[PDB]
């Protein structure tokens, strides 16, 4: 009931309000990691694994498909274009080999 309690407790609500905002801010910051794992997966991981499997199929003797995503504007596109140079080099060599048979 006393003056000190009346005055001091009057700011308790406000402080909870401040804390509520801070908790929303903290939880939003906490979500960045899972979302970034997601982005990295779709943006980089998938394409890299795809390109790796493609390199492996080509090394194994499948030369029929142009390497996917050569059109991409970033370093994944650069990479994919380099693998296509490899595919074409292999394909010319195999074609010349086939011409030598018999």
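Numbering follows the first chain given and starts at 1.
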Which of 52-60 and 69-77 has higher mean CA B factor, as the PDB entry lists it: 69-77
10-18 set against 79-87, stretch whose average Cα temperature factor tops the other in the entry: 79-87
Chain-wide C-alpha B factor ranking for residue 1, given as lowest, middle or highest third: highest
Cα B factor band for residue 40 (lowest, middle or highest third within the chain): lowest
